[PDB]
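**Student:** This is the structure, below, for whatever I ask next.
All of the numbers you see were taken from the coordinates with simple rules; none came from a lab. Neighbour counts are summed over all protein chains in view; Cβ atoms, including those assigned to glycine, are modelled from backbone coordinates with ideal geometry.
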Amino acid sequence: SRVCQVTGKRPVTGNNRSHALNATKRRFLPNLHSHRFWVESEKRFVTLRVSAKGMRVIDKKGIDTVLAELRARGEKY
Amino acid sequence: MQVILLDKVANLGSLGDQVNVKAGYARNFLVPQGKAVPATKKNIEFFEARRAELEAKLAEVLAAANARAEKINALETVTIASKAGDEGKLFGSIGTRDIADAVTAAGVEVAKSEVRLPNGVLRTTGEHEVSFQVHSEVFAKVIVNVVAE
RNA sequence: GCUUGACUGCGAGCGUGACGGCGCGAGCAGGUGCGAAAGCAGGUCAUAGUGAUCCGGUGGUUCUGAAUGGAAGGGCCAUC
RNA sequence: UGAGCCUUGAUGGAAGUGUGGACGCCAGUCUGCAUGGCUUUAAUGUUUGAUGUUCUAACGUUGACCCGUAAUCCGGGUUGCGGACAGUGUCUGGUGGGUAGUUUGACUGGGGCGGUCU
RNA sequence: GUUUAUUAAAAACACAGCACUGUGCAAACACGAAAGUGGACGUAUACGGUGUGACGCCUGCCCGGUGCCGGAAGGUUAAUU
RNA sequence: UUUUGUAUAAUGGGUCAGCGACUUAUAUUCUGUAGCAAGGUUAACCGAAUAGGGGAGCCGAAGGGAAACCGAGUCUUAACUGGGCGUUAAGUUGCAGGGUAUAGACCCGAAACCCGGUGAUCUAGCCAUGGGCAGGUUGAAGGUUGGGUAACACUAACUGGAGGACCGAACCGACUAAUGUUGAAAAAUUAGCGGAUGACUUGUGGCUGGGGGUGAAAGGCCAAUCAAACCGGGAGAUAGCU
RNA sequence: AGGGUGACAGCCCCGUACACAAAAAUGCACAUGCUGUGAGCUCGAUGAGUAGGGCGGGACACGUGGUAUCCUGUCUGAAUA
RNA sequence: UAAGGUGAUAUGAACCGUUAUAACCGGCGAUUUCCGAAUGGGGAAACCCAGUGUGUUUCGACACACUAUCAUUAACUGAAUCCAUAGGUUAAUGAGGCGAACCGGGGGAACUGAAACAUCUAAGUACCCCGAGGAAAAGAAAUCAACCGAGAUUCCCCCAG
Ligand SMILES: [Mg+2]
Ligand SMILES: [Mg+2]
Ligand SMILES: [Mg+2]
Ligand SMILES: [Mg+2]
Ligand SMILES: [Mg+2]
Ligand SMILES: [Mg+2]
Ligand SMILES: [Mg+2]
Ligand SMILES: [Mg+2]
Ligand SMILES: [Mg+2]
Ligand SMILES: [Mg+2]
Ligand SMILES: [Mg+2]
Ligand SMILES: [Mg+2]
Ligand SMILES: [Mg+2]
Ligand SMILES: [Mg+2]
Ligand SMILES: [Mg+2]
Ligand SMILES: [Mg+2]
Ligand SMILES: [Mg+2]
Ligand SMILES: [Mg+2]
Ligand SMILES: [Mg+2]
Ligand SMILES: [Mg+2]
Ligand SMILES: [Mg+2]
Ligand SMILES: [Mg+2]
Ligand SMILES: [Mg+2]
Ligand SMILES: [Mg+2]
């Protein structure tokens, strides 16, 4: 479901609008890559379909901090 | 990405030091394996003391007991005989295994392993310089008096 | 031969156009040229030699300028 | 290997005696290595850009195992392989009747052709 | 053999044979936003695409133009800095 | 009706009876008419609801200049001249009508374009599983014996039974003519005709869905529809034409 | 008011204004009971992958325009009264 | 509430009533087959088959009840692997589907107009999809104003074509 999962960044729509300004309904899908995060504490290697930058989050706002939430919302985890 | 080292690590090791690194190294190796910890502040600006409990507290005023320095100066006179005789000479010798045990019945006691002496005075009788230094820095002084049985 | 009137601002009143426009213009103001002088000169003997608006470009200007002073930008005049 | 920093030279302990380098407008002189009565330009420390190697630890695996599981899917684990490559996101040059929307004037002794639009 | 069911059965299409070209396998390619699937439970004596059309004797000259294949040393050149 | 022009052999109407096309809203400008007048008038809203209150605001009594600004003047200009636009114009608010704007804008009518659904009981390919092919003919390969060979080739007779093989019912198809053409029939009947063990033919069910499918390819077939199916919407598409 | 009754009825009938009517069931207001909720008093704390920025788009009447402001797919990324 | 009644085409029949529920009007409950979210499994809708209990029984066979899925929680279990998770079981509570318009959100046309047509318009309209309520959304300034101040949101009339 091409979803950030960690931030929710979903694919938005738009227009390629080539030169001369021409309607070309397209879409912008997240980076995403899915990783193998080492919770360490829980001693588990939970793999999440995280998106670029959205990763910088786990590496900044905290792993189990994020894993905390997402798990509170009732997401896979 | 800073993170504090925790062991080896090539061109950046200190078993405990903060060095700028790439996130591609952390959460990928430097960490997931037990070799570092992010600059979560909670381990730096809140662990500064912890990561400094051997200098700012120890190595600067560490008086745990290193008072055995000058400690020796006013005692029962460090007169350690050595059996004298023969036209005014001696018999045995005095060095360490005598100055230290000297404080046997004196309750206290010093370690013959803690002293200072350039060379070794031959057979004489003059006060020795068996200075009892509790620690390299804070040393002391100790004498010897080859008495007669 | 001497020159820059191929000037600037306006214009009684006319001609020709459905209109946008276009042509003729004596004379008035300021300042020029030529002539002794009256006077002539607002491009060529005349009728072809041509592009509207928009969007912009360059110069000028206390016209304007979103809290105020500025500025960008906008208007006006010249011009591509 | 470029570029950088500027960290160190060159202008701008005792003589002699020799051993490689320097551009010179040369008849040079220098420059170090042993023996012996601030610019102008290069090296180490360093930073960053280039290409190229090697590694593992992301990442791939439509190799082999183990459990879920008397399952061919899938997930987790093990091992091998490959490995910052491949792949994907955003941006970007090329290509692109495969596809899509349109255009492709008027006069005209019918239309077209020819010619003509001021 | 096939074909315009309802005006054309043919000299049309198809064929076996031929050549060219692509494809090393998670194949090329095709359907599909993706997962996945056909190709194929096949592996270059295989599969796809194109053109020719049994068989016999053959298949000449042209690479200037367009396409495609190889080189990319140099000239011009995108985002970016 | 349409036309320069129609009895026109140009259009439309069998006839009758009923229905059938310049409306509606808001705005703007006039004409008429009513109210008030240098003033006219309210909006929403309130409401002892068609009153009464509310004058937010709108138009008008001033205009010129691109404006700043000025002002019965103001611009243009250096110009205290001329010239342009102004000054000696009553407006305003209803109500009825004419006209315009925005709306489907008198009415009926395309061929098409887009969006979402429904269809492979017809037909085109395919997948799975079953069925059909009277009779008659030809005679390949291979084998057996004789011959033959140094052994093989080779050869003859018999055997054997292949083939998008032959003749021909069923069956599948559809080359010719006639008849039919308000048919018996929205493609057939009759007399001939082509294939008929094959790329054959058929029952049953399944899978491919519209710019997509399927196609031994004709633009053919996708339910009597196909150079883009059918149904429902956008939708009163649009129609300088009739 | 209206309707019906053998033609058009205030007084024939049903109604009509007006006046009352609830075992029970519930909308709604209040009123309170139980549980859950937590008042106010001082001392505090005051929303970071965020605001901004580069790229591509979109929304703002506003077609990038000299164009603020808002949202972001992609890359970054601060102050902290 | 009452002298009349057993709905209609529908009479007839056979009956119930006349003080006091006969009928009839409303409140509340009972029953409420089978299909249909359909929920035990399956399926061409209204049908075919099953398990575990229960029952009758001179206790067979057959009636009846519960058995979908997901989710939150609790309990018991429990792999690769010591632990540990994964997974399994059970229980309870909730969801599921139906809807007329209005509403919030995700996606989003063309005809048309521009007297052609790409910018532009049509229009964020038609349509599709998810979600919620009697309303929804919105809402207590990182708002405007302009040196005076106003004071969350929402709807109306002006500003003004
Ligand atoms: Mg001339
Ligand atoms: Mg085309
Ligand atoms: Mg169009
Ligand atoms: Mg023409
Ligand atoms: Mg044939
Ligand atoms: Mg035909
Ligand atoms: Mg035929
Ligand atoms: Mg051919
Ligand atoms: Mg041929
Ligand atoms: Mg040839
Ligand atoms: Mg005529
Ligand atoms: Mg006429
Ligand atoms: Mg006639
Ligand atoms: Mg009639
Ligand atoms: Mg045959
Ligand atoms: Mg026949
Ligand atoms: Mg035959
Ligand atoms: Mg069938
Ligand atoms: Mg429409
Ligand atoms: Mg119509
Ligand atoms: Mg059931
Ligand atoms: Mg079921
Ligand atoms: Mg048009
Ligand atoms: Mg204030």
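**Student:** Within the stretch B:8-24, restricting attention to residues that are within 28 Å of A:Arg44 (Cβ to Cβ) and free of Cβ contacts under 8 Å to residues at least 12 places away in the same chain, which residue is farthest from the other protein chains (Cβ to nearest Cβ)?
**Tutor:** Looking at the filtered set, the residue picked out is B:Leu15.
**Student:** Could I ask something else about it? When the residues of the stretch A:19-72 are narrowed to those that are within 13 Å of A:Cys4 (Cβ to Cβ) and exposed (fewer than 11 other Cβ atoms within 10 Å of the Cβ), which ends up farthest from the other protein chains (Cβ to nearest Cβ)?
**Tutor:** A:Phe28
**Student:** Return the residue satisfying two criteria in turn: it lies in the stretch A:1-18 and is within 9 Å of the chain's Cα centre (by Cα) and more than 10 Å from RNA strand D (Cβ to nearest atom), and of such residues it is nearest to the other protein chains (Cβ to nearest Cβ).
**Tutor:** Among residues in the stretch A:1-18 that are within 9 Å of the chain's Cα centre (by Cα) and more than 10 Å from RNA strand D (Cβ to nearest atom), the one nearest to the other protein chains (Cβ to nearest Cβ) is A:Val6.
**Student:** Something else: Go through the stretch B:122-147 residue by residue and tally those that are more than 23 Å from the chain's Cα centre (by Cα) and either of a type in the set (S, T, N, Q) or surrounded by fewer than 18 Cβ atoms within 10 Å (Cβ to Cβ) (or both).
**Tutor:** 8
**Student:** Hey, among A:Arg27, A:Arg36, A:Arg44, which residue is closer than 19 Å to B:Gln33 by Cβ, within 12 Å of RNA strand D (Cβ to nearest atom) and in contact with a strand residue (DSSP E or B) (Cβ under 9 Å, 6 or more places away or on another chain)?
**Tutor:** Just one listed residue meets the conditions, A:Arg36.
**Student:** Another question, then. Is it the case that some residue within the stretch B:33-44 is without any contact (Cβ under 8 Å) to a residue 60 or more places away in the chain, in a loop (DSSP other than H, G, I, E, B) and away from chain A (no Cβ under 14 Å)?
**Tutor:** Looking through the stretch B:33-44, at least one residue is without any contact (Cβ under 8 Å) to a residue 60 or more places away in the chain, in a loop (DSSP other than H, G, I, E, B) and away from chain A (no Cβ under 14 Å).
**Student:** Of the residues B:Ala10, B:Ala106, which is farther than 30 Å from B:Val147 by Cβ and out of contact with any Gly (no Cβ under 9 Å at 6 or more places or on another chain)?
**Tutor:** B:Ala10
**Student:** Follow-up. Can you say whether B:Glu114 is more than 14 Å from chain A (Cβ to nearest Cβ), of a type in the set (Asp, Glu) and surrounded by fewer than 16 Cβ atoms within 10 Å (Cβ to Cβ), as far as the supplied structure shows?
**Tutor:** no
**Student:** Still on this structure, please answer the following. Any idea which of (1) assigned to a loop (DSSP other than H, G, I, E, B); (2) away from chain A (no Cβ under 14 Å); (3) not β-branched (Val, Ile, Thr) is the one B:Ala102 doesn't satisfy?
**Tutor:** Every condition holds for B:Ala102 apart from (1).
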